[PDB]
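Here you get one chain, nothing else, as structure tokens; it is the form deposited in one PDB entry.
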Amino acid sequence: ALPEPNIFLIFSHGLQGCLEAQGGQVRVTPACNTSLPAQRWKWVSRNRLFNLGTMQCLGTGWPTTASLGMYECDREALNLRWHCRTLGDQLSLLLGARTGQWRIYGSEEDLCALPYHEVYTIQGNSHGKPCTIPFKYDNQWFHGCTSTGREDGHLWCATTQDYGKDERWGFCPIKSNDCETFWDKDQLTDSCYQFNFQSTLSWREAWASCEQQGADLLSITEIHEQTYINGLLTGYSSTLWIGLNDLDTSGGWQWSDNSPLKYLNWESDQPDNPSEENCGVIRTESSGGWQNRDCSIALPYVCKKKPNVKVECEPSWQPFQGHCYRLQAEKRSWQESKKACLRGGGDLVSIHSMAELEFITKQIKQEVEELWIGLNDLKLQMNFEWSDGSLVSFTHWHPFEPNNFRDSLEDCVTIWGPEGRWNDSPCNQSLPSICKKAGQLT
């Protein structure tokens, strides 16, 4: 009753038929049936190929002549290791059927198309370790998660090959549209948050774990969210992976869920070691301050999820998507640039999309190296807003920007270079600027 997106049938274009396991052996049947467990296969851990009909793994003898067999996935006493690049050639050699490339049935994609992927456990006693697939529990083999032995229905898996022996397990990640049972829900935003305190995972592993849940590593986009996160941290002493990273080498600091980085909680001396230490953490010790750390260390992590044109203008301004834009060539401070924009019925430009950024960069800015745009923290330090009051829906920062937020109390934002990435600057730098205003529909 649980779906099997990674299960496939194995089709020999030479023998015109599917690989089937019954009796003790494996043969080709010209009759291909996608519903017959005996014909259904999946890659599992340690290069093993699992058959649903037998609940066993394909094998051949160690270096005594060849053949092919179905064996309990425990067995050291046969070679169960298969590599998807060579699997077809091996089936031809060991099958013995005298007459051809092997592919996945019906899509004809090659046998590497559905690799085994590790699935990180949630809670349990295993600190986040992936499911061991397959695993024995109470003398049955499981090729995936199961609700058996558990009456609340939740899917779980063993993190050891033998559960009766080691009793190590964890819950399996769910892709869900609600927050039930694994999440705290903020009543105000309907955002859901998961604090895996008992888990030790690298940033990439923790990223993958949140993705397996239909979620992402925590982003903190506003002061209320920081505050609500600190409230959930109360009573704990911990350092947890969050979504903040500079890993993209062309850009600056960013959230992996691509929220704007408009709000900054960095600790006083952070970020440091710009070379390595590419991934962010939240610390209870600073009550929610952020650090950048080496991405390969194993830490607890936090996951987050949400269950959620023609125009014209006055001369010297140019249309884009119902708005109008123009360059102010005169070099001025950010404050005086805004005043100049307001004298022409507009504000310093706000940028809500990459398309809008590209029009601005290529059509308006053109050869001008650096110029003021509307983003700034003047109202409340560390919290960036557009001067025109529209929402900040995305950021594009140059590498290691923004760096000016602690040393300049008044921190403003430019556009620099041909790609249209942003810098932050003390607001008193004298630069050209760009104005935006609402256009007139024709």
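Each form is matched to the other, and the largest set of C-alpha atoms that superpose within 1.5 Å is called the rigid core. One rule holds for the numbers: they count along the sequence shown, beginning at 1.
What follows is about the form deposited in another entry, which we do not show.
Displaced position between the shown form and the other one, chosen from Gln198, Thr189, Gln90, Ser202 (C-alpha, 2 Å or more, rigid core):
None of the others reach 2 Å, which leaves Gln90.
Determine, after fitting the two forms on their core, whether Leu391 shows a C-alpha shift of 2 Å or more between the shown form and the other one.
No, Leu391 moves less than 2 Å.
Taking the rigid core as the superposition reference, indicate whether the CA of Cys412 shifts 2 angstroms or more between the shown form and the other one.
No; that C-alpha moves by less than 2 Å between the shown form and the other one.
Tell me, please, whether between the shown form and the other one the C-alpha of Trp290 is shifted by 2 Å or more, with the rigid core used for superposition.
It does not reach a 2 Å shift.
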